[PDB]
Amino acid sequence: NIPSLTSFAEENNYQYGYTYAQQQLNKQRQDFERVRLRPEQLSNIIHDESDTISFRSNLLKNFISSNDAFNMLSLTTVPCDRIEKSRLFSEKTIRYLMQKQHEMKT
Amino acid sequence: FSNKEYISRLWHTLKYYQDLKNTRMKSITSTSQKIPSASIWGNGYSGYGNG
Amino acid sequence: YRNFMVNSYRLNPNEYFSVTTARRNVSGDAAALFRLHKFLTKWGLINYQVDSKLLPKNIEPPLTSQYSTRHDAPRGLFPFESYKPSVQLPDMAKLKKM
Amino acid sequence: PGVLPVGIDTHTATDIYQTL
Amino acid sequence: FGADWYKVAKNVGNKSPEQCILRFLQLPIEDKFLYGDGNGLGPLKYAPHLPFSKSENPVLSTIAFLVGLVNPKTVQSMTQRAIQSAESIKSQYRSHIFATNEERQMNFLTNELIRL
Amino acid sequence: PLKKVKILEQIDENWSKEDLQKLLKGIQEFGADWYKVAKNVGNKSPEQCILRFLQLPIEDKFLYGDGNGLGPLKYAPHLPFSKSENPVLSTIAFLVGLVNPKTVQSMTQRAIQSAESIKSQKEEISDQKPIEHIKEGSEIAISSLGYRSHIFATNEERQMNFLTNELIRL
Amino acid sequence: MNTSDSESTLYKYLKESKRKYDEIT
Amino acid sequence: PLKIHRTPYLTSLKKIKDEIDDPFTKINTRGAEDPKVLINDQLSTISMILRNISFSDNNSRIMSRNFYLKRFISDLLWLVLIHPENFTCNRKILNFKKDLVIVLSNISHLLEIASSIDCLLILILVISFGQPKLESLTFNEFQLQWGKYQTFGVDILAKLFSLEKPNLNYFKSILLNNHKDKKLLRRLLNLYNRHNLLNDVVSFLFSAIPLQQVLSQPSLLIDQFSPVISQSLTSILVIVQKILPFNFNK
Amino acid sequence: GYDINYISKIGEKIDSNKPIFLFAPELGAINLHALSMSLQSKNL
Amino acid sequence: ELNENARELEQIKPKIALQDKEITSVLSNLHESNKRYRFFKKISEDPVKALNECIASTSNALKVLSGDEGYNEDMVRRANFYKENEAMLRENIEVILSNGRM
Amino acid sequence: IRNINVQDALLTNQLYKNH
């Protein structure tokens, strides 16, 4: 097949109305461009991450994540002088930067 | 207005729409058996111009 | 021209109001009258009920019917609500005061 | 919960509004 | 006649039925029994959906009832004055987090080891 | 006309000059621990000490005695004529009992700051309506909530810096 | 809710409420 | 024009996932509560319809002309790239690009490009799929465990280069260099930050040829990716042979 | 104040069985001329 | 030597995978902490407008999850709604009356 | 959606061959 560019012309094709070579080329045209342009009627209809995203699950997760983070704010009756600060380094990041600074003189 | 009434309202709403979907399926299978039944929506056109 | 064509169709809607009678009855060129008649019949309004058919019979399932509505139905839309009266005795005193 | 304050019950605040 | 608008416009006369239906919609019948003119009704403005608890979240419901009364400008002024007073106490680049000289040298050590 | 002197001497209901002195000693010495302030006064609660420090009344009915500026608070249920629970005032006292009272004295001019500044502040808060005390107390409570939210925001920023350093080491 | 009624829930309940408050105070 | 919004694919995905997972989100404010979201949800329905219609053999050659459809495509592609501030959500802006490329993948074998501004916005739209770097090749290779949406662009560029008249003359005058668009094209070309466009298009067309993936692990991946490889090599061969032969400086 | 995991679990079924619009088998004889003239009607 | 380097690659790979697991697990916590930092900062900037956006996007977050829909009941109950929306009502009343459903 | 078939590349090569 792989019919033509002349078979795609408007003269050899039907229009809103109101030969043999044309009716032979339009067989191969409609037999080529209906196995090429047909959509996939099976799975892999996900196509990406941002099509199977769920508004209901994210809305439920945000309803939980706002409620518990607001219960963290108001109901935690620890005064501001008593809120102890967290460490800016870990127990492993403080070992690796003692190791690499020891090995930095090479 | 509490939780035990707000979920019992949702049970007396889902069970309505399940019967509504049963009606919607029966009115589809009626017209697929060449019997002209009415749907949830009205009958669309008549013989006037449009089909 | 438009009022003539629309008034002339609606005297007998079973008849296809042709272009040629409109051309023979008002004075004007055939191109503009043909274009106006085809625009008019494009939007309904004339030749919309030439060959009318009868809808036979509707075997109606329940809830798909006139007067098929209940107070027990859920108001998904129709945003006005019917609210539960709270009969509590301190709230009774509050309602008597307010 | 005892050191926490008490709260206005909204579910009865609406009912004595519509009923009023 | 209950809701037969042709008979209603016939009884009124000199007016289309659409004007009768529109003027029946636009009548202020129940507005003088509702609360407000047009501060705010608060959480009662969101009538059939009230996600607040007396028992679970007692601070948030009282705050929902209280935010209608206050002016936001004075609230912003007082909380920014509290923030600046806390900064004036704490003072007595990201030096607010990296306050110690130890952690600033640790961060500079991190940048040095990254570049090396 | 007598509601004004009623709220003016309902703020100062059962607080003498000596209870005020012990209260101000416990406030200026101790920081954000109102239990030891109440023990420094002795015969009062930490909530009552907070509400006297804010120059507020109690029992929640001398404020909004009717029920128009209070929008939905008229439609709140209650225990009538007995069993006084105070959701507005205990909410305000709970929110102000977390935020380091010296910076609360820095926050508003209304709060008690010293034993020499009680009479002038008591004079300048006079001739106010019962809705004004609700308005000022709710403003102080929401501003303390905003300040606590700022402290939690800075702690979360510190947490994100810690996670960044963990990412870099990994 | 009729306060003029001497046999309603309102009269007995409010009288018992104010009597209980003045009893404890 | 003030700023050509060249946001990539993955940053658009992250912006979508950070807008949905927001507490104060307005992504479901409904239709009857706002007229601007009503216009946007009519336009998204128009684009979903137009990408659904174009999977037929007769519709693909009827939609090819229809001066109305070409003007609508050249009308939306301006708005989604130059002034996307009117679209409410950030998922609608990605979904317009995600079905404009699909509706241009089925048409472009018979499309004659009308204006040069449309021929530039086609290039910017096709470039906007893929990941750049932080001269050299300015496009990191797109590994196809993510999504085949960039493979639709290398067919638009493979079929729109097949006509020596408007399709390749406009592409030549854009890549190498009726009275107001002379001012518009010269404003859009220096808003795109000489010859950054040519090396960006060629480096993106060297992406979506998965050299690293088919040469890491042997016949299945080339049997699956032979058409995208063939059309990408055809497009690069067209650009090399018929565009590159003087105003260069690099 | 609610257990909103169960509420959302039921509301998913409610949104699934809600009559939003017609499905594919119950559209009837789709008339393209009626759609093409209604799109030019400038109604809503 | 090729097979030696291949055995060394297959030895070094699972230690890389166990590190990538923790990289993703720390990235998820970074996004979760970014959400709470934004929620705690927008409140602290303006505590009356953020405390009105926190309520109006919580009841609306319950209306969508429950499945209910429609207008606000307390908005359409007044009379100025049908005076500012005077345009769409004259359309819809004629549409419903002419079709014969009013 | 429609993944890219071999017929698309054949049509492209035919378009370049018949020009």
# chains A, B, ... in the order shown; residues from 1 in each chain; ligands from 1
call {"tool": "residues_around", "arguments": {"residues": "segment 42-58 of chain F", "least_positions_apart": "2", "cutoff": "8 Å", "atoms": "only C-alpha atoms", "output": "PyMOL selection string"}}
result
chain F and resi 7+10-12+23+34-35+37-40+60-63+86+89-90+93-94+96-97+110-112+133+137
call {"tool": "residues_around", "arguments": {"residues": "segment 55-60 of chain C", "least_positions_apart": "5", "cutoff": "6 Å", "atoms": "only C-alpha atoms", "output": "number ranges by chain"}}
result
B: 36-38
call {"tool": "interface_residues", "arguments": {"of": "chain E", "to": "chain I", "cutoff": "7 Å", "atoms": "only C-alpha atoms", "output": "list in words"}}
result
residues 51, 52, 53 and 56 of chain E
call {"tool": "interface_residues", "arguments": {"of": "chain H", "to": "chain A", "cutoff": "12 Å", "atoms": "only C-alpha atoms", "output": "number ranges by chain"}}
result
H: 9-28, 51-62, 64-65, 90-92, 94-95, 98, 102-103, 105-107, 109-111, 144-150, 162-163
call {"tool": "interface_residues", "arguments": {"of": "chain I", "to": "chain A", "cutoff": "10 Å", "atoms": "only C-alpha atoms", "output": "list in words"}}
result
residues 4, 5, 8, 9, 11 and 12 of chain I
call {"tool": "write_last_selection", "arguments": {"atoms": "C-alpha atoms", "output": "short mmCIF file (atom, residue, chain, number, x, y, z; two decimals), in the first residue's frame"}}
result
data_model
loop_
_atom_site.label_atom_id
_atom_site.label_comp_id
_atom_site.auth_asym_id
_atom_site.auth_seq_id
_atom_site.Cartn_x
_atom_site.Cartn_y
_atom_site.Cartn_z
CA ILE I 4 -14.18 11.02 56.97
CA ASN I 5 -12.49 7.91 55.58
CA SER I 8 -15.41 9.45 51.51
CA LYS I 9 -15.68 5.68 50.94
CA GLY I 11 -19.30 9.35 48.80
CA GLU I 12 -17.22 7.75 46.06
#
call {"tool": "select_by_dssp", "arguments": {"residues": "chain A", "states": "helix (DSSP H, G or I)", "output": "ChimeraX atom specification"}}
result
/A:20-32,55-73,93-105
call {"tool": "residues_around", "arguments": {"residues": "segment 71-78 of chain J", "least_positions_apart": "4", "cutoff": "12 Å", "atoms": "only C-alpha atoms", "output": "short mmCIF file (atom, residue, chain, number, x, y, z; two decimals) with C-alpha atoms, in the first residue's frame"}}
result
data_model
loop_
_atom_site.label_atom_id
_atom_site.label_comp_id
_atom_site.auth_asym_id
_atom_site.auth_seq_id
_atom_site.Cartn_x
_atom_site.Cartn_y
_atom_site.Cartn_z
CA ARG C 75 -32.07 16.79 47.09
CA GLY C 76 -28.71 16.66 45.34
CA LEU C 77 -29.52 19.95 43.68
CA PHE C 78 -32.50 22.11 44.85
CA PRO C 79 -30.22 23.69 47.47
CA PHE C 80 -32.95 24.63 49.99
CA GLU C 81 -32.83 22.31 52.99
CA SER C 82 -35.29 20.96 55.52
CA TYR C 83 -33.74 21.07 58.96
CA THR D 14 -27.40 26.03 63.39
CA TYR D 17 -31.07 29.46 64.17
CA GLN D 18 -33.35 27.72 61.64
CA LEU E 25 -38.88 35.30 42.47
CA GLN E 26 -37.49 38.72 43.39
CA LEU E 27 -39.86 39.44 46.29
CA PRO E 28 -38.07 40.07 49.62
CA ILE E 29 -40.27 37.82 51.74
CA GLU E 30 -37.92 36.14 54.20
CA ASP E 31 -35.03 38.63 54.22
CA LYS E 32 -36.35 40.54 57.23
CA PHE E 33 -36.27 37.32 59.29
CA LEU E 34 -32.73 36.29 58.41
CA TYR E 35 -29.79 37.59 60.42
CA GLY E 36 -27.70 39.95 58.32
CA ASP E 37 -28.36 42.88 56.02
CA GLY E 38 -26.44 41.57 53.01
CA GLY E 40 -20.55 37.99 58.94
CA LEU E 41 -22.62 34.95 59.79
CA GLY E 42 -19.48 32.91 60.38
CA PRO E 43 -19.61 29.12 60.16
CA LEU E 44 -23.41 29.26 59.96
CA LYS E 45 -22.83 30.64 56.45
CA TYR E 46 -21.74 27.08 55.55
CA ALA E 47 -24.98 25.51 56.78
CA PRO E 48 -25.34 21.81 55.80
CA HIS E 49 -21.59 21.03 56.01
CA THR H 29 -14.49 25.57 42.51
CA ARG H 30 -17.22 24.19 40.10
CA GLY H 31 -18.67 25.71 36.90
CA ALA H 32 -21.63 27.83 38.02
CA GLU H 33 -19.60 29.62 40.72
CA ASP H 34 -17.20 31.33 38.29
CA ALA J 56 -13.96 27.97 53.72
CA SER J 59 -16.39 22.73 54.68
CA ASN J 60 -15.99 22.89 50.90
CA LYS J 63 -19.04 18.94 50.48
CA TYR J 82 -32.09 37.43 42.29
CA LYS J 83 -31.51 41.14 41.66
CA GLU J 84 -27.83 40.89 40.76
CA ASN J 85 -28.56 37.78 38.67
#
call {"tool": "residues_around", "arguments": {"residues": "segment 21-35 of chain I", "least_positions_apart": "3", "cutoff": "8 Å", "atoms": "only C-alpha atoms", "output": "list in words"}}
result
residues 28, 50 and 51 of chain B; 38 and 39 of chain I
call {"tool": "residues_around", "arguments": {"residues": "segment 8-21 of chain G", "least_positions_apart": "3", "cutoff": "10 Å", "atoms": "only C-alpha atoms", "output": "PDB file with C-alpha atoms, in the first residue's frame"}}
result
ATOM      1  CA  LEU C  89     -34.754  21.824  77.237  1.00  0.00           C
ATOM      2  CA  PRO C  90     -31.931  24.397  77.709  1.00  0.00           C
ATOM      3  CA  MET C  92     -36.022  25.343  74.604  1.00  0.00           C
ATOM      4  CA  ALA C  93     -35.283  28.038  77.199  1.00  0.00           C
ATOM      5  CA  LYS C  96     -38.114  31.136  74.502  1.00  0.00           C
TER       6      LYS C  96
ATOM      7  CA  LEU F  79     -26.209  25.856  80.605  1.00  0.00           C
ATOM      8  CA  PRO F  80     -28.842  28.388  81.731  1.00  0.00           C
ATOM      9  CA  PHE F  81     -28.482  30.276  85.029  1.00  0.00           C
ATOM     10  CA  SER F  82     -26.021  27.676  86.411  1.00  0.00           C
ATOM     11  CA  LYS F  83     -22.976  25.518  85.545  1.00  0.00           C
TER      12      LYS F  83
ATOM     13  CA  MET G   1     -42.987  26.303  75.314  1.00  0.00           C
ATOM     14  CA  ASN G   2     -45.589  28.306  77.228  1.00  0.00           C
ATOM     15  CA  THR G   3     -44.292  30.081  80.332  1.00  0.00           C
ATOM     16  CA  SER G   4     -47.832  30.987  81.436  1.00  0.00           C
ATOM     17  CA  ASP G   5     -48.560  27.252  81.565  1.00  0.00           C
ATOM     18  CA  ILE G  24     -25.721  25.947  95.548  1.00  0.00           C
ATOM     19  CA  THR G  25     -25.206  29.712  95.941  1.00  0.00           C
TER      20      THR G  25
END
call {"tool": "interface_residues", "arguments": {"of": "chain D", "to": "chain F", "cutoff": "6 Å", "atoms": "only C-alpha atoms", "output": "list in words"}}
result
residues 5, 6, 7 and 13 of chain D
call {"tool": "residues_around", "arguments": {"residues": "residue 54 of chain E", "least_positions_apart": "4", "cutoff": "8 Å", "atoms": "only C-alpha atoms", "output": "JSON, numbers by chain"}}
result
{"D": [6, 7, 8, 9, 10], "E": [58, 61]}
call {"tool": "write_last_selection", "arguments": {"atoms": "N, CA, C and O atoms", "output": "CSV table (one decimal), in the first residue's frame"}}
result
chain,number,residue,atom,x,y,z
D,6,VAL,N,-13.3,24.6,76.4
D,6,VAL,CA,-14.5,24.0,75.8
D,6,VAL,C,-14.9,24.8,74.6
D,6,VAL,O,-14.5,26.0,74.4
D,7,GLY,N,-15.6,24.2,73.7
D,7,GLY,CA,-15.9,24.8,72.4
D,7,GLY,C,-17.4,25.0,72.1
D,7,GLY,O,-18.2,24.2,72.6
D,8,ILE,N,-17.7,26.0,71.3
D,8,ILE,CA,-19.1,26.2,70.9
D,8,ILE,C,-19.5,25.1,69.9
D,8,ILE,O,-18.9,24.9,68.9
D,9,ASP,N,-20.6,24.4,70.3
D,9,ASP,CA,-21.1,23.3,69.4
D,9,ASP,C,-21.9,23.9,68.3
D,9,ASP,O,-23.0,24.5,68.4
D,10,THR,N,-21.3,23.8,67.1
D,10,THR,CA,-21.9,24.4,65.9
D,10,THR,C,-23.2,23.7,65.4
D,10,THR,O,-24.1,24.3,64.9
E,58,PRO,N,-11.9,21.8,70.0
E,58,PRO,CA,-12.7,22.9,70.7
E,58,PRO,C,-12.1,24.3,70.5
E,58,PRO,O,-12.9,25.3,70.7
E,61,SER,N,-13.4,25.7,66.8
E,61,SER,CA,-14.8,26.2,66.7
E,61,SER,C,-15.0,27.6,67.3
E,61,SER,O,-15.7,28.4,66.7
call {"tool": "interface_residues", "arguments": {"of": "chain C", "to": "chain D", "cutoff": "8 Å", "atoms": "only C-alpha atoms", "output": "number ranges by chain"}}
result
C: 83-86, 91, 95, 98
call {"tool": "residues_around", "arguments": {"residues": "residue 10 of chain K", "least_positions_apart": "3", "cutoff": "12 Å", "atoms": "only C-alpha atoms", "output": "JSON, numbers by chain"}}
result
{"A": [1, 2, 3, 4, 32, 33, 36], "H": [109, 155, 158, 159, 226, 227, 228, 230, 231, 234], "K": [4, 5, 6, 7, 13, 14, 15, 16, 17]}
call {"tool": "write_last_selection", "arguments": {"atoms": "N, CA and C atoms", "output": "tab-separated table (two decimals), in the first residue's frame"}}
result
chain	number	residue	atom	x	y	z
A	1	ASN	N	0.83	-1.20	0.00
A	1	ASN	CA	0.00	0.00	0.00
A	1	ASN	C	0.87	1.25	0.00
A	2	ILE	N	0.80	2.00	1.10
A	2	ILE	CA	1.41	3.32	1.30
A	2	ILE	C	1.01	4.20	0.12
A	3	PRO	N	-0.27	4.62	0.05
A	3	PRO	CA	-0.90	4.92	-1.25
A	3	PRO	C	-0.30	6.03	-2.11
A	4	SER	N	-0.36	7.28	-1.65
A	4	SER	CA	0.04	8.44	-2.45
A	4	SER	C	-0.02	9.73	-1.65
A	32	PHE	N	-5.26	1.80	4.52
A	32	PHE	CA	-4.00	2.21	5.14
A	32	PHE	C	-4.21	3.16	6.31
A	33	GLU	N	-5.08	4.16	6.16
A	33	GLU	CA	-5.26	5.17	7.19
A	33	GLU	C	-6.30	4.80	8.23
A	36	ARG	N	-3.61	2.76	10.66
A	36	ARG	CA	-2.61	3.68	11.18
A	36	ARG	C	-3.20	4.61	12.24
H	109	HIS	N	0.65	15.66	8.04
H	109	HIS	CA	1.08	15.14	6.75
H	109	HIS	C	0.46	15.87	5.57
H	155	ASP	N	7.31	13.45	15.18
H	155	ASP	CA	6.57	13.17	13.96
H	155	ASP	C	5.93	14.40	13.36
H	158	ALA	N	8.72	15.73	11.63
H	158	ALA	CA	9.13	14.91	10.50
H	158	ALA	C	8.20	15.07	9.31
H	159	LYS	N	6.91	15.30	9.56
H	159	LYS	CA	5.95	15.48	8.48
H	159	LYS	C	5.83	16.92	8.01
H	226	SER	N	11.54	1.67	16.59
H	226	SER	CA	11.95	1.98	15.22
H	226	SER	C	11.23	3.15	14.54
H	227	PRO	N	9.91	3.39	14.69
H	227	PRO	CA	9.33	4.56	14.00
H	227	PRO	C	9.79	5.91	14.54
H	228	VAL	N	9.90	6.06	15.86
H	228	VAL	CA	10.34	7.33	16.42
H	228	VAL	C	11.81	7.59	16.09
H	230	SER	N	13.31	6.41	13.35
H	230	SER	CA	13.36	6.68	11.92
H	230	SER	C	12.93	8.10	11.59
H	231	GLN	N	11.86	8.57	12.23
H	231	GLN	CA	11.39	9.92	11.95
H	231	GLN	C	12.28	10.99	12.58
H	234	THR	N	15.17	11.22	10.22
H	234	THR	CA	14.74	11.93	9.02
H	234	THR	C	14.69	13.44	9.26
K	4	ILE	N	2.78	5.49	18.09
K	4	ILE	CA	3.25	5.68	16.72
K	4	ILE	C	3.49	4.33	16.06
K	5	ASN	N	2.79	4.09	14.96
K	5	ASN	CA	2.88	2.84	14.24
K	5	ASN	C	4.00	2.90	13.21
K	6	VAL	N	4.23	1.77	12.54
K	6	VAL	CA	5.19	1.72	11.44
K	6	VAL	C	4.63	2.40	10.20
K	7	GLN	N	3.30	2.45	10.09
K	7	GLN	CA	2.64	3.07	8.95
K	7	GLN	C	2.86	4.58	8.91
K	13	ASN	N	8.21	8.45	4.87
K	13	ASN	CA	9.19	8.12	3.85
K	13	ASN	C	8.61	8.20	2.44
K	14	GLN	N	7.32	7.87	2.28
K	14	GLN	CA	6.67	8.06	0.99
K	14	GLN	C	6.53	9.53	0.63
K	15	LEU	N	6.23	10.37	1.63
K	15	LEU	CA	6.14	11.81	1.40
K	15	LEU	C	7.49	12.39	1.00
K	16	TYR	N	8.57	11.88	1.56
K	16	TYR	CA	9.89	12.34	1.13
K	16	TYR	C	10.34	11.71	-0.18
K	17	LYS	N	9.79	10.55	-0.55
K	17	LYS	CA	10.19	9.93	-1.80
K	17	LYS	C	9.45	10.50	-3.00
call {"tool": "atom_distance", "arguments": {"atom1": "atom CA of residue 34 of chain B", "atom2": "atom CA of residue 47 of chain B"}}
result
17.5 Å
